[PDB]
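Cβ placement follows ideal geometry from the backbone for every residue including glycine, while neighbour counts extend to all protein chains displayed. Basis: the model, the stated rules and, where named, an outside source; none is laboratory data.
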Amino acid sequence: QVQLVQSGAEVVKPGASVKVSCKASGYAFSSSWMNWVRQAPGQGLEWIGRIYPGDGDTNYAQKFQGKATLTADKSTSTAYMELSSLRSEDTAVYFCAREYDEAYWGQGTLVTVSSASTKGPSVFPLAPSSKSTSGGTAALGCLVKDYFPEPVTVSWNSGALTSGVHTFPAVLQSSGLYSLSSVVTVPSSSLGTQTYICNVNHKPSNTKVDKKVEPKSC
Amino acid sequence: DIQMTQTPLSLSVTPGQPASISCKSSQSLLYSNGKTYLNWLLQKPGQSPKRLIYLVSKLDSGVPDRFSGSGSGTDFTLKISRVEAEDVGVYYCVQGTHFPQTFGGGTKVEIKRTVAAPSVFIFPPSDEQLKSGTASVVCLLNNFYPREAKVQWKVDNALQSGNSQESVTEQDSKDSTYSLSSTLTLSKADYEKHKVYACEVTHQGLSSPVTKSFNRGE
Amino acid sequence: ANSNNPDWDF
């Protein structure tokens, strides 16, 4: 039952540095190697380095020598990673991972290196009406508009509703701000008795919003 | 650094058909140790990688016997005797013999199912958003295949251009469909100035274009 | 055994 949980996404001005954590559990932390990997937007996966919590020994790939510092805190089984003198091209997803008899990767952390300012999103409801009801089913959803940077996670009814859910990838607006939509399909017959709420979370801006989606008419 | 190239970059196959992906290495992955270190990874749309095979042909735990690896020293191939909806995603081969470990470019696997015309839904702007000055109308093409679809916006019968954005989802892991959202945005000023908003859709599964619309009145 | 990537032995 190996398991790795990383920290939320973060934004950082160019030149600064960032610290990313990775709690481990279900296995002898101070005895297993902990690898770190980067996944570029369109470019692939690159190995970064590894730390051995035991004697704090560390290796690195020539590329990240002096740019990435790995440190472990066996007191809490939490290997860390710090990235210095970041550039806009360092923007990516970074994973921490085990590779023994039970390989496992954290869910990754998105680090956006940008000069732009963090902004929380506005959430508008996509209301069920006679225009979004097919044959016994109805489509409803939430519109998460004008935010920066990525990402934004969306769940319905706190995770109890996942069937029939589609959360579209973000699109970049002329204003330089992202915007995405999330929708679900449910029974038309349940619109007056069930409750539909979309939970929107935007770590970078510490925004947490809850919107109830009631029907309408056209 | 041992470079790893995969082929093809993309793959489209009908369910139940076989599929093979190849990886070439600059040098042999045979170590002084009698073993050659090479794994295969699968990254589903919204997940982290998961190892499927290691030591060229050793299947991880709980991995369908439809997956099998082979290869001598510089050429390796992953084979899926029977492709299934859930096999969509991106596959990567990873080297482990030399230093540092490197990853292949990756191969995207798409399921080729039967055509399905999209269900079309339209969502009027919410009062909240209108009250804040802007108005965005959403069109939803749900559960269709193949992916290429055409949507145009008509305001009072005048074809629109330059004021909308569309996003397409990844292929569903079950029905093998796609979903697309087109978002027309405009100032509250502009929104009031017109009466009928129509979303016109064209797709291989439809004989003639479908249209969904509403009257700003309602 | 591989010394370039020890954690690949299990």
Quiz item: Does any residue of the stretch B:144-152 turn out to be of a type in the set (S, T, N, Q), more than 7 Å from every other protein chain (Cβ to nearest Cβ) and under 30 Å from residue B:67 (Cα atoms)?
Solution: no
Practice problem: Just give me the residues in the stretch B:94-118 being over 25 Å from residue B:146 (Cα atoms) and either touching a helix residue (DSSP H, G or I) at 6+ places or on another chain (Cβ under 7 Å) or within 14 Å of chain C (Cβ to nearest Cβ) (or both), in sequence order. | Solution: B:94, B:95, B:96, B:97, B:98, B:99, B:100, B:101, B:102, B:103
Self-check item: Pick from the stretch B:176-198, criterion under 20 Å from the mean Cα position of the chain (by Cα) and part of a loop (DSSP other than H, G, I, E, B), ranking: farthest from residue B:132 (Cα to Cα)
Solution: B:176
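Would you check if residue B:69 is buried (at least 21 other Cβ atoms within 10 Å of the Cβ), without any contact (Cβ under 8 Å) to a residue 60 or more places away in the chain, out of contact with any helix residue (DSSP H, G or I) (no Cβ under 6 Å at 6 or more places or on another chain) and more than 14 Å from chain A (Cβ to nearest Cβ)?
For residue B:69, the condition - buried (at least 21 other Cβ atoms within 10 Å of the Cβ), without any contact (Cβ under 8 Å) to a residue 60 or more places away in the chain, out of contact with any helix residue (DSSP H, G or I) (no Cβ under 6 Å at 6 or more places or on another chain) and more than 14 Å from chain A (Cβ to nearest Cβ) - is met.
Please enumerate the residues belonging to the stretch B:199-213 that are buried (at least 21 other Cβ atoms within 10 Å of the Cβ) and either free of Cβ contacts under 8 Å to residues at least 12 places away in the same chain or assigned to a strand (DSSP E or B) (or both). Quick ask: steps written out before the conclusion?
First, the residues of the stretch B:199-213 that are buried (at least 21 other Cβ atoms within 10 Å of the Cβ): B:199, B:201, B:203.
Within the stretch B:199-213, B:199, B:201 meet the criteria.
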Quiz item: Looking at A:217, A:179, which one is touching a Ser or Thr at 6+ places or on another chain (Cβ under 8 Å), surrounded by fewer than 14 Cβ atoms within 10 Å (Cβ to Cβ) and not in a helix (DSSP H, G or I)?
Solution: A:217
Quiz item: Could you list, in sequence order, the residues of the stretch A:114-141 that are under 21 Å from the mean Cα position of the chain (by Cα) and either within 24 Å of residue A:10 (Cα to Cα) or surrounded by fewer than 19 Cβ atoms within 10 Å (Cβ to Cβ) (or both)?
Solution: A:114, A:115, A:116, A:117, A:118, A:119, A:120, A:121, A:122, A:123
Quiz item: When you scan the stretch A:8-97 for strands (runs of 3 or more DSSP E) that lie fully inside it, which ones turn up with 3 or more residues that are free of Cβ contacts under 8 Å to residues at least 60 places away in the same chain and within 14 Å of another protein chain (Cβ to nearest Cβ)?
Solution: A:45-52, A:57-60
Quiz item: Say we look at the stretch B:119-141 and pick out the residues that are buried (at least 18 other Cβ atoms within 10 Å of the Cβ) and more than 7 Å from every other protein chain (Cβ to nearest Cβ); which of these is farthest from the chain's Cα centre (by Cα)?
Solution: B:134
Self-check item: Residue check, residue B:218 outside any strand (DSSP E or B), surrounded by 15 or more Cβ atoms within 10 Å (Cβ to Cβ), assigned by CATH to the domain that holds residue B:121 and not aromatic (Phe, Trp, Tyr)
Solution: no
Self-check item: Candidates A:87, A:38, filtered to the one that is under 29 Å from residue B:2 (Cβ atoms), crowded, with 18+ Cβ neighbours inside 10 Å and among the charged types (D, E, K, R)
Solution: A:38
Exercise. Any chance you could count how many residues in the stretch B:93-146 are on the phi > 0 side of the Ramachandran plot, among the polar types (S, T, N, Q) and in contact with a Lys or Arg (Cβ under 8 Å, 6 or more places away or on another chain)?
Key: 0
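For the structure I just gave you, tell me whether residue B:180 is more than 10 Å from every other protein chain (Cβ to nearest Cβ), touching a residue at least 24 places away in the same chain (Cβ under 8 Å), of a type in the set (A, V, I, L, M) and within 14 Å of residue A:183 (Cα to Cα).
It is false that residue B:180 is more than 10 Å from every other protein chain (Cβ to nearest Cβ), touching a residue at least 24 places away in the same chain (Cβ under 8 Å), of a type in the set (A, V, I, L, M) and within 14 Å of residue A:183 (Cα to Cα).
In the set B:16, B:46, which member is at positive phi and either in contact with a helix residue (DSSP H, G or I) (Cβ under 7 Å, 6 or more places away or on another chain) or touching a residue at least 60 places away in the same chain (Cβ under 8 Å) (or both)?
Answer to the check: B:16.
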Quiz item: Can you name the strands (runs of 3 or more DSSP E) wholly within the stretch B:107-169 that have at least 1 residues being out of contact with any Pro (no Cβ under 8 Å at 6 or more places or on another chain), under 17 Å from residue A:169 (Cα atoms) and in contact (Cβ under 8 Å) with a residue 60 or more places away in the chain?
Solution: B:134-144
Quiz item: For the stretch B:41-98, which strands (runs of 3 or more DSSP E) that fit wholly inside it have 3 or more residues that are farther than 21 Å from residue A:94 by Cβ?
Solution: B:50-54, B:67-71, B:75-80
